[PDB]
């Protein structure tokens, strides 16, 4: 009987506020328990051994690299680092459910997606060291990775800005008849930004094939979620935008994989956004997968030892190489500001060159390319 264009609803003749359900919120989807046991056989994706080993070796290789680069940071060998501890399963599980060419937007916890996509150790290092091998030309802070070949849009420090950008890229994909989906990762803290509200709403009204992947680890720096929001986490916000939503156990690589695979299938077929909120801690994803492997007869202590050794060696080889490379020519601080260098910018580049001719002794020119 109501005739209002803004909503589709009946009348009610009694005053009743709608109360949020926060104490029993959206349940957490699980596939395997903490002992690595499948809980509900009809939900088992039955991934083949080679793929599951790849999930495990991607996670552990990331963890090996984290350990080494975190120590490097403590020594001031690199200026900054962010680890992926506890994140390994959400990133490797979701990346495995994507197409190789699906476009990824993220933040600084998304290195595992690149690791799954076989991004070379040399290039993770090159970016952290800002050396001559970095395709980013040493311009950004460490852990600000990007790869055009692997469809992983360069990370930027301002939180949440990639969310409405991801939606625009998904709109363009739709038009292109890509049969491609975009995934956009962000933390529960970042979800408080205005740009998150922008991206979620545009994705729904413009009917975009995008997966929003929120990593809820309970903290944004020092801030616990009790100071971040008062609704039922981020998953409960999806339906208010008209977005199909799910919450998953981020320590469960199979639950992440299943939810991402189904979100991808439906997003691309229906041109509608999906929201997955993966719960983690900031009972580890690597441990839980190891227990699973150990049940199938797909791993054992000898293989674990050999892989631990091999992965440490590969990371060490990349590390040593990265430290010994020169930094890029200081000229590169002027290019790519615009596609073409404006005459006035070239003038500034020439002025630096002249300056270094005269005062170069006072600059650490030793390890910059010439």
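Residue numbers count along the first chain shown, from 1.
A chain break between residue 282 and residue 283 is present, corresponding to 10 or more residues of the deposited sequence without coordinates. Comparing the deposited coordinates for 318-326 and 55-63, the stretch with the larger average C-alpha B-factor is 318-326.
160-168 and 233-241 differ in mean CA B-factor, and the higher of the two is recorded for 233-241. Of the candidates 247, 150, 215, 180, the one whose C-alpha carries the top B factor in the deposited record is 180. Ranked by C-alpha B-factor against the other modelled residues of its chain, residue 200 falls in the lowest third. When the modelled residues of the chain are ordered by C-alpha B-factor, residue 261 sits in the middle third.
Residue 186 sits in the lowest third of its chain by CA B factor, as recorded in the PDB entry. When the modelled residues of the chain are ordered by C-alpha B-factor, residue 76 sits in the highest third. Residue-level temperature factors show residue 107 in the highest third of its chain, judged at the C-alpha atom.
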